[PDB]
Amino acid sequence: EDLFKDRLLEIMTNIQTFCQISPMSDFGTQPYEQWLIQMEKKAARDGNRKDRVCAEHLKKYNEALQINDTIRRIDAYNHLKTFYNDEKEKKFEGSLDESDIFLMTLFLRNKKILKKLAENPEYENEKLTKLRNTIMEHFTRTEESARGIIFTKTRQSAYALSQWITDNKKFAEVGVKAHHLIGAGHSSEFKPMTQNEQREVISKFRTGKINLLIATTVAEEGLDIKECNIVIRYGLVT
């Protein structure tokens, strides 16, 4: 039905087989995510390296599943590619072991099919369609005073939503200038943005150089900008 999603699920199955785990929760669900989070913590405690790295990687795939489901296939593919590109960089050119080799080779085996599935032009899902029409209708209606914030759950989601806007010229043609806005603290899920960069982005939003901020919810403390005339909550409650 979704060949890209199906490949991801097959891969995650292989990894679970490799480290011999079988969680009650389903791939792509929050309780599955909370379960990986526990396993990973325990593996660091007990010092089980195989279990820790497998959980770490499984989380990257679970993340890709969620991006696939809520934004596009291409963004999910990029999330995985970037992660494996970083692993290759820091570990394959050492403290490299059987689990690292196994995970990396498993992804490389699938990379070109995943890439080509990602490159296939696909129709937007209903979530993104509803998001598009909301932005579009608001921007045409309020024109030069359009000033919006979209809240999303994760850093990778905010970045992906921003890329999608850029990839779609119709947004630009109704005035949209968007930018993601995320925290400074370290996260396994995504790179940080310094407090400095945050301040510059917000400044640009104040001046109107940016008019659509895409932020995580752990930003709302310093986003109380009176001139905002639309807020969109995108999948905060599922």
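Don't overthink the numbering: it's just position in the shown sequence, from 1.
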Missing residues of the deposited chain between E93 and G94 number 4 to 9
As the entry reports it, the stretch among 26-34 and 56-64 with higher mean C-alpha B factor is 26-34
Assert higher mean C-alpha B factor (65-73 or 204-212, deposited values) equals 204-212
Reading the B-factor column for Cα atoms of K112, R132, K153, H79, the highest value belongs to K112
Temperature factor at the Cα of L3, chain-ranked in thirds, falls in the middle
In terms of its chain's C-alpha B-factors, the third that includes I225 is the highest
Quick tally, chain-level thirds of C-alpha B-factors: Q198 sits in the middle
Here the Cα B-factor of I101, set against its chain, lands in the third termed lowest
Chain thirds by Cα B factor, record data; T166 belongs to the lowest
